[PDB]
Amino acid sequence: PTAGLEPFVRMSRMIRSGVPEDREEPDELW
Amino acid sequence: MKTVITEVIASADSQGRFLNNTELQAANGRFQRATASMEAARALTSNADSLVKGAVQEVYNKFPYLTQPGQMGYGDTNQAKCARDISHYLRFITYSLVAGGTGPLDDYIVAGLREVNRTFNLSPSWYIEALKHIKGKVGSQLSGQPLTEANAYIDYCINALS
Amino acid sequence: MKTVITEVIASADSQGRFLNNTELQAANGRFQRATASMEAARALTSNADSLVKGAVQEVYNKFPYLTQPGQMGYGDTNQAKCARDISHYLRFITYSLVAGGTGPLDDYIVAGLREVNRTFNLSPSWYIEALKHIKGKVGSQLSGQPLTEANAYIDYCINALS
Amino acid sequence: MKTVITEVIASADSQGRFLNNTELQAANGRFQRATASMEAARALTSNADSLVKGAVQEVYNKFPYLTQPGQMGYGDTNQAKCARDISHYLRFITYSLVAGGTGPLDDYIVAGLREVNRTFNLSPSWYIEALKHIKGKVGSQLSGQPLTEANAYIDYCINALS
Amino acid sequence: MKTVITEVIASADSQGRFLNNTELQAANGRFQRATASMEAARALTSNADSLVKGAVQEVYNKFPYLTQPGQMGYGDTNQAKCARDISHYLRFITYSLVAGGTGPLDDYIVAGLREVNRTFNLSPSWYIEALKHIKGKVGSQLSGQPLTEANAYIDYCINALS
Amino acid sequence: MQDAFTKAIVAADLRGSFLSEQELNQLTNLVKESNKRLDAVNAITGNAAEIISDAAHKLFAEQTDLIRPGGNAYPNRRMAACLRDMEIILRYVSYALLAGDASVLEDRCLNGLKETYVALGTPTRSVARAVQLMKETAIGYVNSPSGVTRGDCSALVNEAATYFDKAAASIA
Amino acid sequence: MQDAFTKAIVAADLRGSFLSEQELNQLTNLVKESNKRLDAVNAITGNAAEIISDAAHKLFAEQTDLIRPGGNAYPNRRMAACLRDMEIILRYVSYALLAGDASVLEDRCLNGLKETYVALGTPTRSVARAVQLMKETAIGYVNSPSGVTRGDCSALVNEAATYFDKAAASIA
Amino acid sequence: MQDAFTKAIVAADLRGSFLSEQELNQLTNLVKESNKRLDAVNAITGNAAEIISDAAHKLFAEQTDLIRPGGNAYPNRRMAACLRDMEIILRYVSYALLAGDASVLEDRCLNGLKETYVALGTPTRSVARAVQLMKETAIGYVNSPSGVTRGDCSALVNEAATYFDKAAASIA
Amino acid sequence: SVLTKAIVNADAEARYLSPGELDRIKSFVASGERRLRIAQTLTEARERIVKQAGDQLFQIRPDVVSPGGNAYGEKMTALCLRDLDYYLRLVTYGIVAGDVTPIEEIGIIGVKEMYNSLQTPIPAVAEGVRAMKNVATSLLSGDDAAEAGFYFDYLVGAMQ
Amino acid sequence: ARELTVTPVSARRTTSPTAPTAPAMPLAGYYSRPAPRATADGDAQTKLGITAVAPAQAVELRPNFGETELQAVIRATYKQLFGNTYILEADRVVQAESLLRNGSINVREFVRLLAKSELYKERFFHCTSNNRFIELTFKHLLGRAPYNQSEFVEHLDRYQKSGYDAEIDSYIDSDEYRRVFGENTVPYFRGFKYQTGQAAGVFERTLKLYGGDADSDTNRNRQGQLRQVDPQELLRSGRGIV
Ligand SMILES: CCC1=C(C)/C(=C/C2=NC(=C\c3[nH]c(/C=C4\NC(=O)[C@H](C)[C@H]4CC)c(C)c3CCC(=O)O)/C(CCC(=O)O)=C2C)NC1=O
Ligand SMILES: CCC1=C(C)/C(=C/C2=NC(=C\c3[nH]c(/C=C4\NC(=O)[C@H](C)[C@H]4CC)c(C)c3CCC(=O)O)/C(CCC(=O)O)=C2C)NC1=O
Ligand SMILES: CCC1=C(C)/C(=C/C2=NC(=C\c3[nH]c(/C=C4\NC(=O)[C@H](C)[C@H]4CC)c(C)c3CCC(=O)O)/C(CCC(=O)O)=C2C)NC1=O
Ligand SMILES: CCC1=C(C)/C(=C/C2=NC(=C\c3[nH]c(/C=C4\NC(=O)[C@H](C)[C@H]4CC)c(C)c3CCC(=O)O)/C(CCC(=O)O)=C2C)NC1=O
Ligand SMILES: CCC1=C(C)/C(=C/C2=NC(=C\c3[nH]c(/C=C4\NC(=O)[C@H](C)[C@H]4CC)c(C)c3CCC(=O)O)/C(CCC(=O)O)=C2C)NC1=O
Ligand SMILES: CCC1=C(C)/C(=C/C2=NC(=C\c3[nH]c(/C=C4\NC(=O)[C@H](C)[C@H]4CC)c(C)c3CCC(=O)O)/C(CCC(=O)O)=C2C)NC1=O
Ligand SMILES: CCC1=C(C)/C(=C/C2=NC(=C\c3[nH]c(/C=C4\NC(=O)[C@H](C)[C@H]4CC)c(C)c3CCC(=O)O)/C(CCC(=O)O)=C2C)NC1=O
Ligand SMILES: CCC1=C(C)/C(=C/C2=NC(=C\c3[nH]c(/C=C4\NC(=O)[C@H](C)[C@H]4CC)c(C)c3CCC(=O)O)/C(CCC(=O)O)=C2C)NC1=O
Ligand SMILES: CCC1=C(C)/C(=C/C2=NC(=C\c3[nH]c(/C=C4\NC(=O)[C@H](C)[C@H]4CC)c(C)c3CCC(=O)O)/C(CCC(=O)O)=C2C)NC1=O
Ligand SMILES: CCC1=C(C)/C(=C/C2=NC(=C\c3[nH]c(/C=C4\NC(=O)[C@H](C)[C@H]4CC)c(C)c3CCC(=O)O)/C(CCC(=O)O)=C2C)NC1=O
C-alpha cells in the first residue's frame, strides 16, 4: 500500500525532512 | 462510642501523639455540622410518638398476614414489643444525630442484631419497612441538611439490616 | 500522606467499612477549612523569597559565631545550603496548608530528621530560631484563621525539633 | 471435607503421628454405620422427586401469601428456583449420609448460607418448613437406624438455619 | 549489666545450657584483661578532679560564647552542673573499665541520652569536646594496654553522642 | 495513600517548587464542588446493599452458568465470596470518590487482583460485568437522591464512572 | 471512649428516653464555645515540648534529690522515663479537653497509675507536683496566645485545670 | 556462620580428615597476628560515626543530584535510610574483619542486596561509591591510631579492603 | 568505526578485507560490552565530570575567567562548560566506535577556525579536556580507565 | 503589533533562550533543580504492584478499648490470618470472639485459637504441601518470609515429632513474635523494612509471598496449593548441615 513509500525514512546521503524529534537542549542547565 | 471526636482522639492515641491540625480540622466538621444534626434530632424527638405508630402500622399493612391469629403481629404483647422496638431505633437515630456519629447505633443496635433477630424469629424486612416509612414522612418534617442527616442515619440502619 | 481525607478513609478501610456520616462530617471540616489554609498558603508562597532571607540572617544574628571562619555559617556553600533548608521547611508548610494535614511535613521533613541532623552536625536550635523568626513576620502578612493555620504548622515544626 | 475418616487423619497429622487404636476404633464406627446411612440414602434418592414437590408446596401452604403476584413464590422462575434449592438440600443430605459426616453440608450449604440468604431476601423460615415437611414424610419411608440418620442430617440443616 | 561474664551467661541461659569451653574461654579474656583495665581505672580515678576541670574549661575555650551572660555556660549553677556531668562520664568510664564491658555506660548514660539532652537544650558537641580533651591528656597518664582500654571507652562515649 | 491534593503536592515537590497558581485553582475548584462530592459518596454508602444486590440479581440473570454446579458462584460458599468481592470493590470506589484520586483503589484493591482470579479459576469477564452493573446502579443513585439541592453532578458522575471503569479494565 | 455528647446519651438511655431539652441545650452551648475549645487544645499542642521542658526545669529546681544518685530521675534512663510520663499525661489532658470529658484520661492513663508508681518506687508526690507545674504553664498558654480573637476563656481554663487536678489527685 | 578456623574445619571434614599440618600453621599465624587484628577492628568501631559521616559528606559533595528533589537521598527519610545502610555495611565489614572470613558479610548483608536496591530505584553505583569512601577512611584509621605499638598492618589493611571491595562489587 | 575504517581501505584498493582487518573487527566486537559499560559509567556521571574539569581549569588558568579572558563572566563560563559537555559526549561516541571518525567530523575538523573566530584560546580547551580525563578516569577500573584515556588524549592531541 | 511580536516570548517550538548581547530572568537555584532520573518517594513502594499498604501500623487493644476498636481488631486478625478470602459468618470462631470481648484472652491467644481452628487446617494445611504450609504460616503469624533452609527443617521436624498444635505454638511463643507484636498487636507484614538481624534476600522472598492486596492464599487456584519461594533461591542464604 504505502509500504513502498515507507522506506523513504532513510532520506538521502544526509537529508532528513525537518527537525529531529526531541532534541536535548542543555543550555538551561549549564 | 464512635463520634468524630472519639475517632480522631483514638487515632492520635494509637500513634502516641498530640492532636494536630489534621485532627482539629476534623473536629470542626463535627461542630459545624451540629446545627443541622440537632434540628433533625428535635424534629424526630417531638414527632416520635406518631412516627412510631405510623411505622408500626405500616409493618402490618405491608405484611397483612402478621395481624392474623397464630402470627407475630397478633395480641397486645407482640404489637406492644414492636412499637417499642421501632421506638428504640428512632431513639438511637436521634442519639447518633446528637453525637456526631454512628456510635450509638453501632453499640446498642447493630452489634448483635442478626443473632438476636435470628433466635427470636424477627424478620429484618419488617424493620426495613418500618424505616422506609419513617423515611417517607421525615421528608416533610425537615429539609436541607437536617433532612440529609436524618436520611444518613435511617439509611444506615436499613443497610445494617440487609 | 496524612490528610483528613486519607485519615478517615484509612479508618474505614481498616474496619472493612463504607464511609459513614462520622467520616463525611470529618471531611466537611477539611473542606470548610480550605479557604483559610489556602490564603495562608498564597501569602507564604509569594513572600517565600524574603521569609527565607529573613530567617537565614536571623540564624546568624542569634548565633553570631556561626559566620566566623572554620564555622558552619561561613562560605558560600554553607550559607547556600541553609537558605535552601529553610526554603524546604516553608515549602512543606505551604504543602501541609494546602493538603489539610501534617502529612507532607511528617513524610518529607520529620521522618528521619534527628538522625540526619546528628550525622551532619546541624543544631535544631538554628532551625527553631529560623522558624520563630518566620512566625514573627507572618504576624503581619495574615490574620484570623489563615494566621492560626500558618501558626499551627510553624509550631508543629518547632515541636518536631524539640 | 468432614468425615469420621478425615477427622481422625487430621488429628493424627496435626500431632505428627501414625494412626493408632483410638483412631482405628473411630473409623470402625463410620464403617459399621454405613449400612443404615446408605439405606437412608437410597430411600431419599429414589423419592427425591416427590419429597421436593411435597416440600415446595408446603412452603406455599404454610406461607399462602408467597404465591400472590409481586411476591417471591410467584411466576415460573421463583417456583423453579425453589424446587431446585430444596433439591440441593436433599442432595447434600444424601451425600452427608453416604460420606459419614456433615462435610458436604458444611462445605456446600452451611458455609456462606446467611450472607447469601440475606442478600437475596430469602427467609430461612421457608427452608425450615420445607425440611420439617421432608422430615414428616421420611417417617414412613424409613425406620430404625436409617431413620435416625436421615433425621440427624435434616435436623442439622434446620439448626444451621436457626 | 553488660560484661563479658553476664553476656556468656545470658547466651547459655537462653539456650538452656551449661557453660561450656566456648563460654569459659571468653571469661578468661575478661579476667586476663583486668590488669590493664584496672590500671586505667586507678589513673583515671586519682586524676578525676583535674581531668574534669580540664575538660570543663575546654568546653568554654572551644565554645567561647557559652560563658557570656544569657548563655548556658554562665553563672555558678550551669558551670557547676557541667563539671558534675563530665564527672558522671569519667565515673562510668572507670566503672566500665573495672566491669569488663560497656554495661555501666549503656545503662546509666547511653539509655535515654538524646531525649534528655534534647529536652534540656544540651548540645552533644560540648560533651564530645570534653571527651576529646580528656582523651588528649590521658595520652600521658597511661600507655600500652591501659591506654587502649581508656581510649576504647572514651571513644565509645563519643560515638554514643554522634 | 493519595488524595487529589496530595497528588498535586507530590508533582510540585518533584519540581522542587511551591504549588503553581495553575494547580492552586484546580484544587480551589475541588473545594468548590465538595458538597456535591459528599452527596455523591453518600449516595453510594446509603444504597450499598441494594447496589450490590441489584448488580448481583442481574449478573446471574445474564450468566446462569455461574449458579450451576461447575460454576464459579456455586455453592453457597462461593456465592458469598462473590457477593463479598462486589462489596469490597464498591467500597474502594467510594473511597476514591471521596479522595478525588484512584490510588487507594489501584493500590489496595486492583493491584494483583486479575492474577488472583486467574489462579482461582474465577472468570474475570464475569467479574468485570458485575462491576459494570454496580456502576449503572451506583450512578443511578448519585443522580436521583432524597431531597438534595438541584444542580449538575455530571462531572462527579463521570469521575465515579472512571473508577468503575478502571476496576473493570484492570480485572477483565 | 466518651465525649461530652456521648456522656449525655448514656445517661438518657439509662432512663429509656430521648434527650431532655435540658441536656439538648447544654450540648448546644458546647457547640457554641467550640472554636474557643479548639484554640485551647491548640494552645497545648503548639507548646507541648516547652510545657514539659519548663515544668521539668522547675520540678528539679525544687527537688534536687531526684537528680542525685539514689534519686528517681537519675541516671539518663530514668530522666527520660520521667520526661516521657510528663508528655503522656499532658497528652491525655489535651484529649480530655477536646472531648469535654475526663474519661479517656481516667481510663487510659490514670487507672492503676498510682499503684504502678508505688511498685516502682517512683515518688508520687513529686509526680503530682510535675503535673501541677504543667498545669500552670499550659493554662498560661491557653490564656495568652498568637493573634486569637479576644474573649473570655475562663470556663475552658477551669475545665482544663480540673483535668490537671484529677491527674494530680489520682497520683499523689 | 564461619570464621577463618571454622572454614578450615569444613574443608578438612569434606576430605574426612584431621586438619593438615599445612592448615594448622596457617591458623597458628592468624593467632600470631590477632592482637593487630583486634586493633584493626577497634580502629573501625572507635571511629564508626566519623567514618560514615565523612564518607557521606564526600558522597554528596560528588553527587549533588542525590540531594535534589528527584534524588535518592532526598528528603530526610531517604537520607536517614542511606546513612543507615552505610552503617549496616560498615558493621558487617568489621564483623568479617574480626572473623577472618567474609561469610557473615556475604550471607547477612550482601546476599540479595543489589536486587533490593534495583527494586527500590536506589542507584547502585552511588552506593558502591559510598562503600569505596568508607574504605578509604576506615583504612586511614586502621593505619594511624592512638598509641598502638608500631609495626606492619598492611596484611590486615589488605584483607579489610577486600571486604570493602566485595561489598562494592556485589552492589554496583 | 573500526568497521568503517577497515572497509573504506578495502573498497579503495578494490578488494575484500585482509586477515588483519578481519581480526581487528573480531577483537573489537569482543570488547563491545566492555566499551558500552565504559560509555554508560561516563554518561551516568556527566554533570559531575564537566564540573570537576571546570574547577581544575579555572585554578590552572584564572585569567580565562578574568577581565580580558574568553570565558570571563557567568554566561561566558556557562557556554565554556557546555563545550566541555560536548566533548565528553563525543568521547563516549569514540569509545563505542573504536576510532575517531565520528569525533573528528563533529568536533575537530574546523575547530581551529571556529575558535580562532571566537578568539577562544585553544590550548586552554585542551587543558579542560585533560581535566575531564582526570575526573572520568577516577570512576573507571584501571583497564577501562586506560581504554577511555586514549580517546581523551586524542582530542587533546587534535587541538594542537 | 510591536508588543505582540516584541514584548512577548511567543511560540517557537518550545523552547528558549540565553545567548548574545542576551539574557532572561526567572531566577535559579543550585540545589534546587530536581535531578533527572527524577522521581518521588513512595513511587518506590508503589511502583511495583504497590505494596503501598505495608509499611504497616499495628492495631491493638489500648487498655480501655471500645466495641468499634475491638471489631476493627477482630476484622484485622481475620484479614491477616486468612488473607483476602471471604469467611462466612457461620464459619467464624464465635467462642474465641466472645473470649476476646470479655477481655479473658489477649490478641496473641486469640491468634493462637484462630490458627488452631479446623477452618485454618482445611484452608492451608489439608490443601497445600508441608513446605508451602510453613511458608504461609511464616507469612500469616510472623509477617515475613523464612530466613534460611534450616528454619524449614526445624519446623518440618517439630511438626513430624509433636504434631500440628505444637508447630503453631512454636511461632506464637517465639521471641520474635513477643519482641515485635507483644500481647496486644495484630500480626502485620514486615518484610518491606529492613529489620535487625535480617537477611537481605527476605525482602525479595516476602515480595514473592505478597502478590498484593487483591491476592489470595486461597487454595483454589486450579493447581491449588503450591509453593512460591524457590528451594534453590531459598538455599542461597545459609545452607547448613543443621
Ligand atoms: C436497644 C435496642 C434493642 C432492640 C432493637 C431490641 C429488639 C428485640 N426485640 C425483641 C422481641 C420482639 N420483637 C418483636 C417485633 C415485632 N412484632 C410485631 O408485631 C412486629 C412484626 C415487629 C415490630 C416491627 C416481637 C413480636 C417480639 C417478641 C418476640 C418473642 O419473645 O417471641 C427482643 C427479645 C427480648 C424481648 O422479648 O423483649 C429484643 C432484644 N432489643 C433491644 O434491646
Ligand atoms: C526535604 C527536606 C530536607 C531537609 C530539611 C534537608 C536538610 C539537610 N541539610 C543538609 C546539610 C546542611 N545544612 C546546613 C544548614 C545550615 N548552615 C548554615 O549556614 C546555617 C547554620 C544552617 C541553616 C539554618 C549546612 C551548612 C549543611 C552542609 C552540611 C555538610 O555537608 O557539612 C543535608 C545533607 C545533604 C546536603 O549536604 O545537602 C540535609 C539532608 N534535606 C532535605 O532533603
Ligand atoms: C449448593 C447449595 C446452594 C443453595 C442452597 C443455593 C441457594 C440460592 N437460592 C438462590 C435464589 C432463589 N431462591 C429462591 C427460593 C424460593 N423461592 C420460592 O418460591 C420459595 C419461597 C423458595 C424455596 C423454598 C428464589 C425465589 C430465588 C431467586 C432470588 C432472586 O434472584 O431474586 C440463589 C441466588 C442465585 C440464583 O438466583 O440462583 C442461591 C445461591 N445456591 C446454592 O448453590
Ligand atoms: C547518670 C548520668 C547522668 C548524666 C550524664 C546527666 C546529664 C544531665 N544534665 C542535666 C542538666 C545540665 N547540664 C548542663 C551542662 C553544661 N553546662 C555548661 O556550662 C556546659 C556547657 C555543660 C557541661 C559540658 C547544664 C547547664 C544543665 C542545666 C540545664 C537546665 O536545667 O537548664 C540534667 C537535668 C537535671 C538537672 O538539671 O540536673 C541531666 C539529667 N544526668 C545524669 O543522671
Ligand atoms: C455530612 C456530610 C455532608 C454532605 C453530604 C453535605 C451536602 C451538601 N450538599 C450541598 C449542595 C448540593 N448538593 C448537590 C448534589 C446534587 N445535585 C443534584 O441535582 C444531584 C442529584 C446531586 C449530585 C451529587 C447540589 C446540586 C447542591 C447545590 C450546589 C452546591 O452547593 O454546590 C450543600 C450546600 C447547602 C445546600 O445547598 O443544600 C451541603 C452542605 N454537606 C456535608 O457536610
Ligand atoms: C483548626 C481548628 C480550628 C481552630 C483552632 C479554630 C479557631 C477559631 N477561634 C475562633 C474564635 C475565638 N477564639 C477565642 C479564644 C480565645 N480568646 C481569648 O482571649 C483567649 C486567649 C483564647 C481562649 C482559648 C475567642 C475569644 C474567639 C471569639 C469568640 C468565638 O468565636 O467564640 C473562631 C471564630 C472566628 C474568629 O472570631 O476568629 C475560629 C474559627 N477554628 C478551627 O476550625
Ligand atoms: C541486612 C542488612 C540490611 C541492608 C544492607 C538493608 C538495605 C535496605 N536499604 C533500604 C532502603 C534505602 N537505602 C537507601 C540508600 C541510599 N540511597 C542513596 O541514594 C545512596 C546511594 C544510598 C546510601 C549510601 C535509601 C535512600 C533507601 C530508601 C528507599 C526508599 O524508600 O525510597 C531497604 C528497604 C527497607 C527500608 O527502607 O528500611 C533495605 C532492606 N536492609 C537491611 O536489613
Ligand atoms: C581489648 C581487645 C584487645 C586489643 C585491641 C589488644 C591489642 C594489642 N595490640 C598489641 C600489639 C600491636 N598492635 C599493633 C597494631 C598496629 N601497629 C601499627 O603500626 C598500626 C598503626 C596498627 C595496625 C592494626 C602492632 C604493630 C603491635 C605490636 C606487634 C604485635 O604484638 O603483634 C598487643 C601486644 C602488646 C603490645 O605490644 O602493646 C595487644 C594486647 N589486645 C586486646 O586484648
Ligand atoms: C483487597 C480487597 C480484596 C479483594 C478484591 C479480594 C478478592 C478475592 N476473591 C477471592 C475469592 C472469590 N471471589 C469470587 C468472586 C466471584 N465469583 C464469580 O463467579 C463472580 C464472577 C465473582 C463475583 C462477582 C469467588 C467465587 C471466590 C472463591 C473462589 C474459590 O474459593 O473457589 C479471594 C481468595 C480468598 C477468599 O476466598 O477469601 C480473594 C483474595 N480479596 C481481597 O482482600
Ligand atoms: C510435609 C511433610 C514433610 C516432608 C516430606 C519434608 C521434607 C524435608 N526434608 C528436609 C531435609 C532433609 N531430608 C533429608 C533426607 C535424605 N537424605 C538422604 O541422603 C536420603 C536420600 C534422604 C533420606 C531417605 C536430609 C539429609 C535433609 C537435610 C538436608 C540438609 O540440611 O543438608 C527439609 C528441610 C527442612 C529440614 O531439614 O527440617 C524438608 C522440608 N518436610 C516436611 O515437612
Side-chain angles (χ1 to χ4, degrees), chain B residues 16, chain C residues 114 162, chain E residues 1-3 6 72 77-78 80-96 98-99 101-124 126-127 130-131 153 156-157 159-161, chain G residues 48-93 109-110 112-134 137 167-168 170-172:
Chain C
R114 292 177 212 141
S162 323
Chain E
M1 192 161 301
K2 174 160 180 202
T3 76
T6 62
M72 293 183 65
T77 297
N78 292 327
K81 268 180 187 201
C82 192
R84 177 200 74 182
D85 282 6
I86 292 144
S87 185
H88 286 159
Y89 279 76
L90 204 73
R91 192 151 60 78
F92 283 101
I93 286 166
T94 74
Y95 293 165
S96 293
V98 182
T102 59
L105 283 166
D106 298 333
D107 292 13
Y108 290 74
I109 293 169
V110 177
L113 183 48
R114 293 176 212 141
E115 289 113 279
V116 176
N117 291 1
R118 195 192 306 139
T119 304
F120 285 107
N121 308 280
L122 316 185
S123 332
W126 310 333
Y127 289 101
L131 294 158
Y153 294 108
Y156 183 86
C157 294
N159 284 294
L161 289 142
Chain G
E50 164 81 16
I51 288 160
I52 289 159
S53 148
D54 179 50
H57 284 81
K58 296 194 238 149
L59 179 54
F60 302 117
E62 286 181 18
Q63 281 170 43
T64 58
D65 30 332
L66 300 168
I67 57 179
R68 292 189 217 122
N72 204 247
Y74 167 99
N76 274 331
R77 183 192 66 78
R78 270 198 264 259
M79 175 64 68
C82 176
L83 291 183
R84 181 203 64 214
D85 285 9
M86 288 173 90
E87 193 186 355
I88 287 167
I89 295 166
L90 183 57
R91 186 155 52 80
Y92 287 104
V93 161
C109 185
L110 302 180
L113 187 44
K114 177 155 186 185
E115 295 85 335
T116 303
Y117 285 142
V118 178
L120 285 168
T122 284
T124 55
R125 265 180 282 258
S126 298
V127 183
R129 179 67 181 151
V131 170
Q132 295 180 39
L133 296 156
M134 284 194 305
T137 315
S170 171
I171 289 165

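In what follows, chains are A, B, ... by sequence order, proteins preceding strands, each numbered from 1. Just the heavy atoms: all of them, side chains too, but no hydrogens, waters or symmetry mates, feed the values below.
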Next on the checklist: Walk me through whether G/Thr124 and G/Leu113 qualify under side chain to side chain contact (heavy atoms under 4.5 Å, CB included).
Outcome noted: CA-CA 10 Å; G/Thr124 55; G/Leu113 187 44; over 6 Å; no

Item to check | Sequence neighbours excluded, every pair satisfying side chain to side chain donor-acceptor pair (under 3.5 Å) that has a member inside residues 76-90 of chain G | outcome: G/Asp85-G/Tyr117

Next on the checklist: Can a donor-acceptor pair be found, under 3.5 Å and without considering hydrogens, that links the side chain of E/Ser87 to the backbone of E/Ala83?
Outcome noted: no

Compile the donor-acceptor pairs under 3.5 Å between side chains in residues 57-71 of chain G and protein atoms, sequence neighbours left out, one pair per line.
| from | atom 1 | to | atom 2 | distance (Å) |
| --- | --- | --- | --- | --- |
| G/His57 | ND1 | G/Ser53 | O | 2.9 |
| G/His57 | ND1 | G/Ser53 | OG | 3.4 |
| G/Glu62 | OE1 | G/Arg129 | NE | 2.9 |
| G/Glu62 | OE2 | G/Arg129 | NH2 | 2.8 |
| G/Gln63 | OE1 | G/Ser126 | OG | 2.3 |
| G/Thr64 | OG1 | G/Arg68 | NH2 | 3.1 |

Side chains of [X] and [Y], heavy atoms from C-beta outward: is any pair under 4.5 Å?
X: G/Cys109; Y: G/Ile88; value: yes
X: G/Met134; Y: G/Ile52; value: yes
X: G/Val127; Y: G/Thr122; value: yes
X: E/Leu131; Y: E/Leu161; value: yes
X: G/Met79; Y: E/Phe120; value: yes

Checklist entry - Quick one: are the ring centres of E/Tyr95 and E/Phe92 less than 6.0 Å apart? => result yes

Checklist entry - With a cut-off of 6.0 Å (strictly less than), are more than 12 heavy atoms of other residues, nucleotides or ligands near OH of G/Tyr92? => result yes

Side-chain atoms of residues 110-119 of chain E: list all donor-acceptor pairs with protein atoms under 3.5 Å, sequence neighbours left out, distances to 0.1 Å.
| from | atom 1 | to | atom 2 | distance (Å) |
| --- | --- | --- | --- | --- |
| E/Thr119 | OG1 | E/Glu115 | O | 3.0 |

Next on the checklist: Before you tell me yes or no, could you show the steps for E/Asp85 and E/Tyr127 under side chain to side chain contact (heavy atoms under 4.5 Å, CB included), namely the whole-Å CA-CA distance, both residues' side-chain angles and the distance that decides it to 0.1 Å?
Outcome noted: CA-CA 9 Å; E/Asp85 282 6; E/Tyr127 289 101; 2.7 Å; yes

Item to check | Verdict with supporting geometry, E/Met72 and E/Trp126, side chain to side chain contact (heavy atoms under 4.5 Å, CB included) | outcome: CA-CA 11 Å; E/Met72 293 183 65; E/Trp126 310 333; 4.0 Å; yes

Checklist entry - What do the steps show when you test E/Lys2 against E/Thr102 for side chain to side chain contact (heavy atoms under 4.5 Å, CB included), and what is the final call? => result CA-CA 6 Å; E/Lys2 174 160 180 202; E/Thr102 59; 4.1 Å; yes

